[PDB]
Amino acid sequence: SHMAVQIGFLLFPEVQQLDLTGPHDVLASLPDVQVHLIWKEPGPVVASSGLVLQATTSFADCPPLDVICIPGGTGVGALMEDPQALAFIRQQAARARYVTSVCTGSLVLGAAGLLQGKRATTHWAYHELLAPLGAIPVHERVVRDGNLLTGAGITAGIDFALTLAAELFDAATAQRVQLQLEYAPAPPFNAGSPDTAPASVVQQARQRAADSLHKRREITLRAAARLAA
């Protein structure tokens, strides 16, 4: 309807698609919501896995949003230095009811200046990059600070979206959606956190990310310098 809650996800090249599609299916289950997928122009955008998604609106045509949500992925590094994307995020955040992200999407919020003095989380492997952007880093799965909600790595988007559902509506509605999604997880292994995974697995995860971390650290410090000037 024309009174629908307006929810917008930034959809960018090399996004981690589950960061977006998990929350999307949770939030699209709520009453009278309209969901936008936003990029520089409508059309196909290819996720890091090769899955093709479709942006529904441009920055210029996007209506004022009640919720803005930034997913993460390999493509965040480019977004952290994209003045057009950062300007759009800041404009929408001025009036959004909730300003949100999943995984390394919080680094984009940081580059936009929206984490200064705020508690936030991100993917476990990139958590150290929050502090240079002014955030108070919190090692929890879903972190709230006022109208800022941030989720941790990839699959945390589902827990994040159920938390957001309860704030937009109420606990009963969020529970109904949880039941419809049969979200009673039973992972076959206990390796979802660096604290519980086998040490051998964590060490490989850290080394496989080392080059990306060093590159993102330099981008992060450039973005921080632009906030300081």
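Numbers follow the displayed sequence, beginning with 1.
Here the stretch with the larger average CA B-factor, out of 203-211 and 5-13, is 203-211. For the pair 147-155 and 133-141, the mean Cα B-factor is higher in 133-141.
If you compare the C-alpha temperature factors of 177, 33, 37, 68 in the entry, 33 comes out highest.
Residues shown: 28, 181, 60, 53. Highest C-alpha temperature factor in the entry: 60. Annotation for residue 48: CA B-factor lies in the lowest third of the chain's modelled residues.
When the CA B factors of the chain's modelled residues are split into thirds, the value for residue 117 lands in the highest one.
When the modelled residues of the chain are ordered by C-alpha B-factor, residue 161 sits in the lowest third.
Sorting the modelled residues of the chain by their CA temperature factor places residue 103 in the lowest third.
Per the PDB record, residue ranking by Cα B-factor puts residue 94 in the highest third of the chain.
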